[PDB]
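Engineer: Got a structure here, written out as structure tokens. Questions coming.
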Amino acid sequence: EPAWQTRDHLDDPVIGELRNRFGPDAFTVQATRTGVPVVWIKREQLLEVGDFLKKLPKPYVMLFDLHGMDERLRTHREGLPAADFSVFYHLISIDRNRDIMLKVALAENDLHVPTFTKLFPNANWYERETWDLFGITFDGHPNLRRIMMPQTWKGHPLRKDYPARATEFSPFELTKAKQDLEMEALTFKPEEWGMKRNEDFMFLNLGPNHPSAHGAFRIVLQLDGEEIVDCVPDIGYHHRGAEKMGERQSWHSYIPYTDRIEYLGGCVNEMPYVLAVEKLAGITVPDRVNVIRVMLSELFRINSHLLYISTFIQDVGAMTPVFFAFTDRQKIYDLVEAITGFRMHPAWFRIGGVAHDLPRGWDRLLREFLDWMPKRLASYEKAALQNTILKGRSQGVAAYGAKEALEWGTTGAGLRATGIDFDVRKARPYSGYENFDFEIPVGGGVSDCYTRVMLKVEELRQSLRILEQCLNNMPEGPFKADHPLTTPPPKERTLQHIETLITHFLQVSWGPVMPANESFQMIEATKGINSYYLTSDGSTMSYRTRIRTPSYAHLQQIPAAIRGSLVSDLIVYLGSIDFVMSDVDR
Amino acid sequence: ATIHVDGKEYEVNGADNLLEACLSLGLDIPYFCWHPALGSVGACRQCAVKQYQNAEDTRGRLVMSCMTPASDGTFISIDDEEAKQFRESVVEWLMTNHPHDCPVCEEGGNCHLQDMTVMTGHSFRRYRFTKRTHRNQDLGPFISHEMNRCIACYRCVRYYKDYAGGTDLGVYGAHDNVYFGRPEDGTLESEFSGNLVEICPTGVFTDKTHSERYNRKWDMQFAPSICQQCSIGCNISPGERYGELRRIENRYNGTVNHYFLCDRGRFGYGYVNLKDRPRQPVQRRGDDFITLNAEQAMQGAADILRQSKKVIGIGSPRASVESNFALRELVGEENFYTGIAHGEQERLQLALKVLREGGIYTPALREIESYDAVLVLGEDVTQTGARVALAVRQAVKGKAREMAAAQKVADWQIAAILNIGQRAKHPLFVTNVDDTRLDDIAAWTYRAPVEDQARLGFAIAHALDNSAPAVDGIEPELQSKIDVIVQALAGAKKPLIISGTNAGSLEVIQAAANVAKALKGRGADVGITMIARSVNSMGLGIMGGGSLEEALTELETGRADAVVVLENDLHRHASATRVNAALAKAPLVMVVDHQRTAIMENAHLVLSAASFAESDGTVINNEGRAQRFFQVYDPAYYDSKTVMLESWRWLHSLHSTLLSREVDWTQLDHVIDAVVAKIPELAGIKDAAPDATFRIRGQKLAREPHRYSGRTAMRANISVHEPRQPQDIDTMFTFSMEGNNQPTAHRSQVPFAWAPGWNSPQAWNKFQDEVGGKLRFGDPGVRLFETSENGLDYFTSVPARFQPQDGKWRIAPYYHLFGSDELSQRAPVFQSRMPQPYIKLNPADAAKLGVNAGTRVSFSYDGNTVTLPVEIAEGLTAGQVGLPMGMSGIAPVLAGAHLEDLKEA
Amino acid sequence: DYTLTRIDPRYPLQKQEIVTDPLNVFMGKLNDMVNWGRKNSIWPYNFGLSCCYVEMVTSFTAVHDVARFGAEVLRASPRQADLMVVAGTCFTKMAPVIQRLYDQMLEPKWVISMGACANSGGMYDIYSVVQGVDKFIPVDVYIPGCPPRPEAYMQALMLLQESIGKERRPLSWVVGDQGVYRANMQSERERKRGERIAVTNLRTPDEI
Ligand code: SF4
Ligand code: SF4
Ligand code: SF4
Ligand code: SF4
Ligand code: FES
Ligand SMILES: [Ca+2]
């Protein structure tokens, strides 16, 4: 049985436990290609099911995702409860290495759900986004305000009747009254944000213009002297509407938009989308495709980690390793330009493979990079990372344990510095990552800034090892799958065969027809766990594209970890998270 | 009937075959050679499924779903491995000889063969040998021929010969060298040959008029509209790119014009793309032509209309109901004149009285095909109402259909049906002044003057029912033919009488009404069909008003010092000299039109109105069904200087500026509500289409497909800044792809058919409730009137027989599908298909005049001598001269008139 | 071949007219000296929006060394900055911020749109993106790309320097003409059409 087959997952022990606890008629099991058990739970039993999953012998401890779906235009809803809207909750049990997707059906008029924040604190931002984009009200939320769009915005963007394009709307006119009105909206008021204010609590504004490579955003700070008593991040300043474009572009033409989700990730961002689309299409890619995609993912991972370490060192105060790390990034960029033809957004992965074959001479450039990198990395450590001033700025700053990382959905180096060995490449292997010998570094139990930075250095070394294994063992074979839905087909057969020309003609003009199904793929990105949840209605466009990013979780974890610290501690914590605002807002 | 497809139970119709039943359930089976309108032949061998004998069967056998009835307790599998492999093998065999032609093929992105190649999953070529080739033929100005792309599915020959009744297209040759086309290079002679561009699943037959300015299907802005080239009212999908009307596609209407249009509607759209059309309001000041925008045009027109003592409005049957009503409100009901002549108006009002007061049901265009005997009186149906002629051909083949039904042969097995009913056919009796195109299937044809055709109808009605007035002076041969017609009509369960106003005789319509009443009095299920002239002739007749002659006398007597002519050239309904003199006498002439007419030189103000491609409105077809047509594109999107509005918008803004000195344009639903409130006879036009607030789950209806391209580059030469998307406040459609075009959406107006995996015109199968039936949530359009409880009385005005008087020549009307329509002659692609202007003469009349065939003779009508070449019409009765109506210089009101000093030039 | 702009506080709040070039020989030499000093020391505002800013700070690093043009000081204050590089998407929440920062800059100031987003909105023809930064602030140089490579940013820096080197501004705010005169220079497309059309052969994409 192939890995893309539709499964109901009735053999999962959680399904039997829920049968024994709530009864057989309490919920509906849905067979999907997501790989997870999808259970349609009634709305009034949602908190009971959440408590039961949180109190299992091996509990479901992390709310991976929480969002909504407009089911009004969905025609192929066979075997599903009647719904105008739906809210889905993706929950991960790490001890079982399993996960479950609860779904709550909602009518168009009664768009209210009990809030999930009493079980998982990341439901705050997740439900704020679900209210902002779908209009679904969550009863009991401490503050249900818009998180992506401004407060003076009419309508909910992710509804199916909301027009997507800016050309549908009037063109942007900036008048004096409009500038004054929008400048009034961006002003901060203590009472509206739930600050809950002593005649000394001053207020500090950080953004929204940001002198750093990772986006533009605001943090409003409540200060007692220099101590941060409370803070709430202001996001949505980098909102690009990428999921609405997922509903607006075809399966093949959406890949450049998948590139700019985490713009330091590139092919790492392309990987889960093409894997989920191949799950929708029933495509198993050959081994050469898997090794090529692993090689490019590790190259872009080293690029992102180099930028992150350089930016952290610059934010500490040493400004020379950013120059040297960008030189190493230029070496990586030389190899990436040779392979794909572009630097930061290659858009080179395809449904069924990659756009081209590897060019002649890729092994030479990979050899130069593999010889160049480790001495430069050792010089980085000895020059800046072992500096005691940097250690004093970094060690013990904004520290949290395993419980705080689990309850806030923090993944990547922040989770693994708490001692939790959870990498997607080893727990739920994808794209032939089980054929590569590499280790997953873990921390002692405390997630300092310094511990996260040293962990990312360790994953840079492990990615260099994976790149060496890719260089030594690259199979000879096709760079594209032989499936009929491989988009586009191989170019020369398109250029001399009429049936291949027909397939290419219809795949690049109207789009390839994915059969109506739901698919899901989570990967270990450069900054944590990045996932694509794709709902297809049988058309050539995605019915729903849900992109889960870890930077959302880390920016939400900021107020819990930086509370009671200094402003410079906040700057160091921002520099040591490895986020980008495109990942947060997307 | 109960079928089991892939283990799932379905309830279907046992009279259907498995292919149409499975397509009606939403299942996907590839097919080429089967068409819903043409039946099953089992040629392409593409629709193969695996049938099992019982439920506990594993082997099965490959059967063909188009050739297998969907009987009760059937067990089939589509996704069986052997069936899938065979369908992929059939696609592969079709792909062995196919040219590498998709980029340079007009069917690309709209191709059924592309969709079925992708659907079967065939994308790897292992055939390594040569491909057969074919030379192409010249098939005329409308159809482009490319025989390399053929897959030998026999759809073209089956449609063209069995369905359309054409003769000049056929299949030639042998084993793998089958050729589909004409026996020699020449123009395709069928009036419905343009449907080959949608019948052919490949790019062998293509729209050459579209192939000139070609663009792909995904790049088209589509709208649901009504064809304006005659009175039948076929539903069309006009598609536009870069500000010009690119194509006309057949929009499915199961009640009217299901799969097929005629050539005049499909290729006569070229007047919209003319460069001489008015695009801005122009005011004449001496020898100067000042171009204004809409506001100062309304201000100036309001001042000149207010200074006038009496304003009159001349409408047209070309314009919509809303525009004629807006003109009628602007000038007043008593000052509103229909733009047609007095005789035309009398014939049209008599036809309306027969339709909505005669107590006899008027069938729809699809319902015509279910009648058992057809009598056509006076109307050349193929040249005036061509789709009615196609439906008449289907009704004629109904006898072979019922003969095969009597032998327990299924209705989709068309080859056995045609084999059983070899040449037996339902009775068809056509009357005209000469030969018609229905003569090949007619049981009888009467070539006689209009008085003699009317007398034949009156004699038929008297012989059917003796209470009808009798005719004295019937010859024994004519009496025998009348007895044959009466014996055929009396024995028919569903007789149909087809007449119209194009014959130019009131007595023909009276005779047809008498025949219909006599057949109704015997208890038969008689239907009557009246063929009008223009698209909204019935609506203009229902709205009413004075004739054009009364308006001309009002202009000539000086009682009216201001005339507003709405979309009327005025030369087709009256003599040109009289119209020109009456318009030159009036101190204010305002012409609201979308075409450069001849009366615009004398016009003081010209309002650049919109055509059907740039306007919304309602038109009433020949059966009294109100139908809403929607705007295709914004004219001012590309050319920002273009001020071209709807005619009702122009006139309503003019009325508001005349009353209150302020400019309010309208919304369309306001005009619809005003029509319903003021005219109770036109109260049904509100329910023709839903209003502008109609939404499908909150979103509007998309005019263009979801993969529409070039949005940031279509206007980049004018300005790199992307303009505002055109807003449509009038209707529920949007000028964008951000809308709904789902096949399961609860609506009746479909701009275009597209489904995932179905890019061809076969997506209409996805848009129907059952394949070949109606639209899923009802066809658009509503009948304005029901059948009356009681009928009319017998028309006792039996005309005298035609007497050929010396020195006077009765003008026998001749109509041409390419040339008689006012707007279709303006289309430049028609001039190659438009015939030369001749005049028809009897052999006896030509011998008396001493003229041969081809020589030029000159005749004077209303003091205007014009010369024409001569053909010898054998079937034309002596004492008559045959003129082609609607031509250049020959107005359609000349039908039934008389001619003086017709002599050789 | 010049355009005259004067400002007086919809955006932008300026009106431009095509005017003949006015250009004593000492005043002209002083004008060239002022233009030389302005174009050889251009301090960009360190403004981070999106991935194009990552390419801009790549241009600032060692392998590229934008410091060679004297454009490296990279002020965090708009008062001390000469050039606004809109290197990223003009989000609707960020557009009043961009307008406020541009208003807080001081004369002379120049604007470079970096990337397709800043040029026209790029691929993001979506509800929450302003379609180009020239909708509300005037732009001097445009860089197509998504992202432009760092040497494309340097090429736009050279284009801006050549545009500054032949523009006319008042030397003092008490003497002379106070309107700003900008050169209507030949487009780079028409200048490079001679060398671009004549290109015949390119290396095949199967090699390094
Ligand atoms: S007919 Fe269809 S398959 Fe053949 S060349 Fe044209 S688009 Fe391609
Ligand atoms: S020309 Fe077209 S319709 Fe005719 S047999 Fe060939 S593919 Fe079929
Ligand atoms: S029959 Fe009449 S309405 Fe129908 S397509 Fe032809 S011209 Fe148009
Ligand atoms: S143009 Fe491209 S690279 Fe630049 S900000 Fe926009 S998405 Fe990023
Ligand atoms: S469709 Fe049945 S064999 Fe052709
Ligand atoms: Ca309109």
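Ligands are numbered from 1 in the order shown, residues from 1 within each chain, and chains are lettered A, B, ... in the order they appear in the structure tokens.
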Using only C-alpha atoms, which chain C residues lie at most 9 Å away from chain A, written as number ranges by chain?

Structural biologist: C: 10-12, 46-51, 53-55, 57-58, 60-64, 76, 89-94, 96-101, 123-131, 135-136, 146-147, 149, 205-208

Engineer: Could you write out that same residue set with N, CA and C atoms as a compact mmCIF listing (two decimals), in the first residue's frame?

Structural biologist:
# COMPACT_ATOMS: atom_id res chain seq x y z
N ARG C 10 -4.71 64.15 -3.04
CA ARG C 10 -4.16 62.85 -2.70
C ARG C 10 -2.64 62.85 -2.81
N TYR C 11 -2.00 61.95 -2.07
CA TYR C 11 -0.55 61.82 -2.15
C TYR C 11 -0.15 61.24 -3.51
N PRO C 12 0.97 61.70 -4.09
CA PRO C 12 1.90 62.73 -3.60
C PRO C 12 1.38 64.15 -3.77
N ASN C 46 17.80 52.70 6.55
CA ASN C 46 17.82 51.27 6.82
C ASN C 46 16.39 50.85 7.14
N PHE C 47 15.66 50.48 6.10
CA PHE C 47 14.23 50.19 6.19
C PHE C 47 13.99 48.77 5.71
N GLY C 48 13.56 47.90 6.62
CA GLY C 48 13.33 46.51 6.31
C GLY C 48 11.86 46.21 6.13
N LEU C 49 11.50 45.72 4.95
CA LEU C 49 10.13 45.34 4.64
C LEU C 49 9.97 43.85 4.37
N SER C 50 10.78 43.29 3.48
CA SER C 50 10.60 41.91 3.04
C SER C 50 11.92 41.40 2.47
N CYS C 51 11.84 40.32 1.68
CA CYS C 51 13.01 39.60 1.17
C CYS C 51 13.95 40.48 0.36
N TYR C 53 14.80 43.44 1.14
CA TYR C 53 15.73 44.01 2.12
C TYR C 53 16.86 43.04 2.46
N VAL C 54 16.57 41.74 2.46
CA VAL C 54 17.62 40.75 2.67
C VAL C 54 18.63 40.81 1.53
N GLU C 55 18.15 41.00 0.30
CA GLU C 55 19.10 41.19 -0.80
C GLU C 55 19.86 42.51 -0.70
N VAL C 57 20.75 44.11 2.16
CA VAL C 57 21.82 43.94 3.14
C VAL C 57 22.82 42.89 2.70
N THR C 58 22.46 42.02 1.75
CA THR C 58 23.47 41.21 1.08
C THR C 58 24.40 42.09 0.24
N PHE C 60 25.15 45.06 0.99
CA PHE C 60 26.00 45.78 1.93
C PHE C 60 27.15 44.96 2.50
N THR C 61 27.20 43.65 2.25
CA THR C 61 28.16 42.79 2.93
C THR C 61 29.48 42.73 2.17
N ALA C 62 30.37 41.81 2.59
CA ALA C 62 31.76 41.83 2.15
C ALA C 62 31.96 41.34 0.73
N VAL C 63 31.19 40.33 0.30
CA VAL C 63 31.36 39.78 -1.04
C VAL C 63 30.87 40.76 -2.10
N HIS C 64 30.04 41.73 -1.71
CA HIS C 64 29.52 42.74 -2.62
C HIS C 64 30.11 44.13 -2.39
N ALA C 76 19.69 54.73 10.72
CA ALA C 76 18.43 54.27 11.31
C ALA C 76 17.44 55.40 11.53
N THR C 89 7.28 44.59 0.08
CA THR C 89 5.88 44.77 -0.30
C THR C 89 5.27 45.94 0.45
N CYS C 90 4.41 46.69 -0.24
CA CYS C 90 3.69 47.80 0.36
C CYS C 90 2.37 47.27 0.91
N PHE C 91 2.45 46.70 2.11
CA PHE C 91 1.26 46.25 2.81
C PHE C 91 0.43 47.45 3.23
N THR C 92 -0.89 47.24 3.32
CA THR C 92 -1.80 48.34 3.65
C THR C 92 -1.60 48.83 5.07
N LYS C 93 -1.23 47.95 6.00
CA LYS C 93 -0.90 48.39 7.35
C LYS C 93 0.44 49.11 7.41
N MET C 94 1.34 48.83 6.47
CA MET C 94 2.66 49.44 6.46
C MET C 94 2.73 50.69 5.59
N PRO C 96 0.86 53.67 5.53
CA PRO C 96 0.99 54.95 6.26
C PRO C 96 2.31 55.10 6.98
N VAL C 97 2.92 54.00 7.42
CA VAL C 97 4.24 54.06 8.04
C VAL C 97 5.29 54.50 7.03
N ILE C 98 5.22 53.95 5.81
CA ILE C 98 6.14 54.34 4.75
C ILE C 98 5.95 55.81 4.39
N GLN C 99 4.69 56.26 4.32
CA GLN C 99 4.41 57.66 4.02
C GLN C 99 4.94 58.58 5.12
N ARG C 100 4.77 58.19 6.38
CA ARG C 100 5.26 58.99 7.51
C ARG C 100 6.79 59.06 7.52
N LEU C 101 7.46 57.94 7.26
CA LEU C 101 8.92 57.93 7.21
C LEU C 101 9.44 58.75 6.03
N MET C 123 3.69 39.77 -7.77
CA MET C 123 2.77 38.64 -7.79
C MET C 123 1.62 38.79 -6.80
N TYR C 124 1.70 39.75 -5.88
CA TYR C 124 0.71 39.88 -4.82
C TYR C 124 -0.34 40.92 -5.22
N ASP C 125 -1.15 40.52 -6.21
CA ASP C 125 -2.37 41.24 -6.55
C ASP C 125 -3.49 40.72 -5.65
N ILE C 126 -3.42 41.16 -4.39
CA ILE C 126 -4.25 40.62 -3.33
C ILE C 126 -4.78 41.78 -2.49
N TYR C 127 -5.80 41.47 -1.67
CA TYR C 127 -6.58 42.48 -0.96
C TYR C 127 -5.74 43.33 0.00
N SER C 128 -4.65 42.78 0.54
CA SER C 128 -3.90 43.45 1.59
C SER C 128 -2.56 43.99 1.11
N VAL C 129 -2.44 44.32 -0.18
CA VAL C 129 -1.20 44.83 -0.75
C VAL C 129 -1.51 46.05 -1.60
N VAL C 130 -0.79 47.15 -1.34
CA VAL C 130 -0.86 48.31 -2.22
C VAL C 130 -0.08 48.00 -3.49
N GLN C 131 -0.72 48.20 -4.64
CA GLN C 131 -0.15 47.80 -5.93
C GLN C 131 0.90 48.83 -6.36
N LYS C 135 2.02 54.57 -5.95
CA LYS C 135 0.65 55.02 -5.75
C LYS C 135 0.57 56.22 -4.82
N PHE C 136 1.50 56.33 -3.86
CA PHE C 136 1.42 57.38 -2.86
C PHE C 136 2.72 58.14 -2.61
N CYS C 146 12.45 39.76 -8.42
CA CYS C 146 11.79 39.16 -7.26
C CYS C 146 12.63 38.03 -6.70
N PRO C 147 13.70 38.34 -5.97
CA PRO C 147 14.30 39.65 -5.73
C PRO C 147 15.28 40.04 -6.82
N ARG C 149 19.04 40.80 -7.75
CA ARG C 149 20.32 40.42 -7.19
C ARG C 149 21.03 41.68 -6.70
N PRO C 205 21.21 25.49 -21.09
CA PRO C 205 20.99 25.36 -19.64
C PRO C 205 21.36 24.01 -19.05
N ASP C 206 22.08 23.16 -19.77
CA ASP C 206 22.48 21.86 -19.24
C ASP C 206 23.85 21.86 -18.59
N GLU C 207 24.49 23.02 -18.47
CA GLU C 207 25.85 23.11 -17.97
C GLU C 207 25.91 24.00 -16.73
N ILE C 208 27.11 24.18 -16.21
CA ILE C 208 27.36 24.97 -15.02
C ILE C 208 27.64 26.42 -15.39

Engineer: As a list in words, please: every protein or nucleic acid residue near ligand 1 (cut-off 6 Å, counting only C-alpha atoms and all ligand atoms).

Structural biologist: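 Counting only C-alpha atoms and all ligand atoms, the residues within 6 Å of ligand 1 come out as residues 101, 102, 105, 107, 108, 111, 113, 114, 149, 202 and 203 of chain B.
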
Engineer: Using only C-alpha atoms and all ligand atoms, find each residue with an atom at most 10 Å away from ligand 2 and format the answer as JSON, numbers by chain.

Structural biologist: {"B": [32, 33, 43, 44, 112, 113, 145, 146, 147, 148, 149, 150, 151, 152, 153, 154, 155, 156, 157, 158, 159, 160, 169, 170, 171, 178, 179, 180, 181, 196, 197, 198, 199, 200, 201, 202, 203, 204, 205, 206]}

Engineer: Go ahead and write the residues just picked, C-alpha atoms, as a short mmCIF file (atom, residue, chain, number, x, y, z; two decimals), in the first residue's frame.

Structural biologist:
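The result, stored in part-v6.cif:
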data_model
loop_
_atom_site.label_atom_id
_atom_site.label_comp_id
_atom_site.auth_asym_id
_atom_site.auth_seq_id
_atom_site.Cartn_x
_atom_site.Cartn_y
_atom_site.Cartn_z
CA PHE B 32 -16.08 10.69 -28.82
CA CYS B 33 -18.65 9.39 -31.31
CA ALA B 43 -17.75 4.04 -33.56
CA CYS B 44 -14.89 5.51 -31.51
CA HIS B 112 -12.53 17.30 -26.34
CA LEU B 113 -9.64 15.10 -27.52
CA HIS B 145 -10.77 22.75 -42.55
CA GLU B 146 -7.78 20.79 -41.21
CA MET B 147 -8.17 17.06 -41.76
CA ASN B 148 -4.90 15.97 -40.11
CA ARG B 149 -6.51 16.34 -36.67
CA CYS B 150 -9.41 13.97 -37.40
CA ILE B 151 -10.05 10.93 -35.22
CA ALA B 152 -12.73 9.45 -37.54
CA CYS B 153 -15.56 9.69 -35.02
CA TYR B 154 -18.23 10.38 -37.71
CA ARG B 155 -19.91 13.15 -35.69
CA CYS B 156 -19.71 15.67 -38.53
CA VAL B 157 -21.32 13.46 -41.17
CA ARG B 158 -23.99 12.21 -38.76
CA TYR B 159 -24.98 15.73 -37.69
CA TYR B 160 -24.71 17.30 -41.15
CA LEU B 169 -20.50 16.88 -46.54
CA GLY B 170 -19.59 13.21 -46.40
CA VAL B 171 -17.04 10.53 -45.58
CA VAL B 178 -11.02 8.18 -44.12
CA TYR B 179 -11.60 11.77 -45.23
CA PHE B 180 -14.43 13.96 -43.94
CA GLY B 181 -15.45 16.93 -46.05
CA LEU B 196 -19.57 21.73 -36.91
CA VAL B 197 -17.12 23.80 -34.85
CA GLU B 198 -18.78 22.48 -31.67
CA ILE B 199 -19.84 19.07 -33.01
CA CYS B 200 -16.29 18.12 -34.04
CA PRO B 201 -14.33 17.03 -30.93
CA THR B 202 -11.07 18.02 -32.68
CA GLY B 203 -9.87 21.05 -34.61
CA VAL B 204 -10.83 19.81 -38.07
CA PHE B 205 -13.74 22.25 -38.36
CA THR B 206 -12.97 25.63 -36.82
#

Engineer: Would you pick out the contacts of residue B:266 at 10 Å or less, using only C-alpha atoms, so that residues sharing its chain but fewer than 2 positions from it are not included, and give the list as a list in words?

Structural biologist: residues 142, 192, 193, 194, 195, 207, 209, 227, 229, 236, 238, 247, 248, 249, 250, 260, 261, 262, 263, 264, 268, 269 and 270 of chain B

Engineer: Could the residues in this selection be written to a file with C-alpha atoms, as a PDB file, in the first residue's frame?

Structural biologist:
ATOM      1  CA  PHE B 142     -17.032  30.527 -42.057  1.00  0.00           C
ATOM      2  CA  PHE B 192     -26.494  25.168 -39.898  1.00  0.00           C
ATOM      3  CA  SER B 193     -22.973  24.192 -40.980  1.00  0.00           C
ATOM      4  CA  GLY B 194     -21.452  26.436 -38.300  1.00  0.00           C
ATOM      5  CA  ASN B 195     -22.402  23.941 -35.592  1.00  0.00           C
ATOM      6  CA  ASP B 207     -14.544  29.081 -36.659  1.00  0.00           C
ATOM      7  CA  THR B 209     -14.246  34.261 -38.353  1.00  0.00           C
ATOM      8  CA  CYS B 227     -28.913  36.384 -30.613  1.00  0.00           C
ATOM      9  CA  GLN B 229     -30.295  38.454 -35.889  1.00  0.00           C
ATOM     10  CA  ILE B 236     -25.758  32.519 -27.117  1.00  0.00           C
ATOM     11  CA  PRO B 238     -20.649  35.971 -26.742  1.00  0.00           C
ATOM     12  CA  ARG B 247     -16.709  34.623 -30.813  1.00  0.00           C
ATOM     13  CA  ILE B 248     -20.312  33.491 -30.519  1.00  0.00           C
ATOM     14  CA  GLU B 249     -20.749  30.102 -28.853  1.00  0.00           C
ATOM     15  CA  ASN B 250     -23.944  28.121 -28.459  1.00  0.00           C
ATOM     16  CA  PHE B 260     -27.350  24.269 -32.301  1.00  0.00           C
ATOM     17  CA  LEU B 261     -27.495  27.779 -33.702  1.00  0.00           C
ATOM     18  CA  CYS B 262     -27.767  28.839 -37.323  1.00  0.00           C
ATOM     19  CA  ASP B 263     -25.021  30.408 -39.409  1.00  0.00           C
ATOM     20  CA  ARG B 264     -26.512  33.920 -39.314  1.00  0.00           C
ATOM     21  CA  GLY B 268     -23.226  37.616 -38.221  1.00  0.00           C
ATOM     22  CA  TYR B 269     -21.808  39.262 -35.095  1.00  0.00           C
ATOM     23  CA  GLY B 270     -19.198  41.275 -37.018  1.00  0.00           C
TER      24      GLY B 270
END

Engineer: Tell me, as number ranges by chain, which residues lie within 10 Å of stretch 19-22 of chain C, counting only C-alpha atoms; anything in the same chain fewer than 5 positions away does not count.

Structural biologist: C: 1-5, 167-168, 181-184

Engineer: In Å, rounded to a single decimal, give me how far atom CA of residue B:4 is from atom CA of residue B:75.

Structural biologist: 4.8 Å

Engineer: So which residues are near ligand 6, meaning at most 8 Å away with only C-alpha atoms and all ligand atoms counted, given back as a PyMOL selection string?

Structural biologist: chain B and resi 614-616+630-631+634+645-646+668+728-731

Engineer: Restricting the output to N, CA and C atoms, write the selected residues as a JSON list (two decimals), in the first residue's frame.

Structural biologist:
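Result went into part-v2.json, see below:
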[["chain", "number", "residue", "atom", "x", "y", "z"],
["B", 614, "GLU", "N", -22.65, 45.23, -25.51],
["B", 614, "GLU", "CA", -22.29, 46.26, -24.53],
["B", 614, "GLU", "C", -23.50, 46.74, -23.73],
["B", 615, "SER", "N", -24.59, 45.98, -23.74],
["B", 615, "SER", "CA", -25.81, 46.40, -23.06],
["B", 615, "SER", "C", -26.51, 45.19, -22.47],
["B", 616, "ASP", "N", -27.32, 45.46, -21.45],
["B", 616, "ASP", "CA", -28.26, 44.50, -20.90],
["B", 616, "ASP", "C", -29.66, 44.88, -21.35],
["B", 630, "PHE", "N", -27.34, 39.91, -21.30],
["B", 630, "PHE", "CA", -26.45, 40.56, -20.36],
["B", 630, "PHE", "C", -25.27, 41.18, -21.11],
["B", 631, "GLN", "N", -24.71, 42.23, -20.53],
["B", 631, "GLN", "CA", -23.58, 42.92, -21.14],
["B", 631, "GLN", "C", -22.33, 42.04, -21.09],
["B", 634, "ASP", "N", -17.19, 46.00, -20.80],
["B", 634, "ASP", "CA", -17.25, 47.45, -20.66],
["B", 634, "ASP", "C", -16.53, 48.10, -21.83],
["B", 645, "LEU", "N", -23.25, 54.08, -23.81],
["B", 645, "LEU", "CA", -24.14, 53.61, -22.76],
["B", 645, "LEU", "C", -25.29, 52.81, -23.35],
["B", 646, "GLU", "N", -26.04, 52.18, -22.46],
["B", 646, "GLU", "CA", -27.27, 51.50, -22.86],
["B", 646, "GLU", "C", -28.29, 52.52, -23.35],
["B", 668, "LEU", "N", -30.73, 49.11, -13.97],
["B", 668, "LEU", "CA", -31.52, 48.32, -14.93],
["B", 668, "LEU", "C", -32.80, 47.80, -14.30],
["B", 728, "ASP", "N", -20.42, 46.27, -12.33],
["B", 728, "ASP", "CA", -21.69, 46.00, -13.00],
["B", 728, "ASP", "C", -22.80, 46.18, -11.97],
["B", 729, "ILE", "N", -23.38, 47.39, -11.94],
["B", 729, "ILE", "CA", -24.49, 47.67, -11.04],
["B", 729, "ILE", "C", -25.83, 47.23, -11.61],
["B", 730, "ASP", "N", -25.86, 46.84, -12.88],
["B", 730, "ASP", "CA", -27.12, 46.53, -13.56],
["B", 730, "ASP", "C", -27.56, 45.09, -13.35],
["B", 731, "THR", "N", -26.62, 44.14, -13.35],
["B", 731, "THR", "CA", -26.95, 42.72, -13.33],
["B", 731, "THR", "C", -26.14, 42.03, -12.24]]

Engineer: Within 9 Å of chain A, which residues of chain B show up when using only C-alpha atoms, listed as a ChimeraX atom specification?

Structural biologist: /B:92,95-96,98-103,108-109,113-115,117-118,121-125,218,696-700,706-707,711,722-727,736,738-739,742,744-745,755-757,759
